[PDB]
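Here the sequence shown is numbered in the deposited numbering, starting from 1 and rising by one per residue. Beta carbons are placed, not taken as given, at the ideal position from N, Cα and C, and that holds for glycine. Following: one structure in structure tokens, then a few remarks.
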Amino acid sequence: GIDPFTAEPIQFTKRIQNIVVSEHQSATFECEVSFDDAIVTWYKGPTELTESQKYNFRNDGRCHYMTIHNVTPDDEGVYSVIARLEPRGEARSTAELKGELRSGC
């Protein structure tokens with residue numbers, strides 16, 4: 001009749017948003033999800049992001065954080081977060097990265 005709530009599709013309530021970051025600073029895309037058992041991977045363009053003393057991935061219950069250190073104009077682009085669990089209805093979200101210009105006199 002009606003599918004169970006637990007198997008219902010997973011979506012990001014917070015829905016990451018666009019970030020503007022100074023060249024020497026760091027960018028963080030924060031997301032929140034319906035289930036805490038979901039597995040999340042961040043994507044930049046066709047390339048997936050992995051740790052290399054470059055990307056810091058921190059998990060906190062339903063909350064998942066990704067921090068990028070040393071952002072370049074080149075690095076500006078689109079970042080996505082995808083949450084996956086056994087077939088329940090996967091979700092995809094996007095956000096844009098922008099490089100803030102350094103201030104001066």
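Just to confirm my understanding: we take residue 121, look at its own chain, exclude 5 residues before and 5 after, and list those with CB closer than 6 Å. What are they? An answer regarding residue 121 cannot be provided, because it is not within the stretch 1 to 105 covered by the chain.
What residue from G61, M66 and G45 has the CA that sits closest to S52's CA? By one-based count along the sequence shown, residue 52 stands at place 52. Ranking the options by Cα distance to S52, first place goes to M66.
Classify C31: buried if its beta carbon has 16 or more other beta carbons within 10 angstroms, exposed otherwise. Taking the first residue of the sequence shown as 1, we reach residue 31 at position 31. With 16 or more Cβ atoms within 10 Å of its Cβ, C31 is classed as buried.
Which value, in whole angstroms, describes the spacing of the CA atoms of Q11 and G61? The sequence position of residue 11 within the sequence shown is 11, counting from 1. The sequence position of residue 61 within the sequence shown is 61, counting from 1. In a straight line, the C-alpha of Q11 is about 15 Å away from that of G61.
Per-residue burial, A7 [other beta carbons within 10 Å of its own, 16 or more giving buried]: Taking the sequence shown and counting its residues from 1, the one referred to as residue 7 is at position 7. It counts as exposed.
Is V81 helix, strand or coil by DSSP? Taking the sequence shown and counting its residues from 1, the one referred to as residue 81 is at position 81. Strand at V81.
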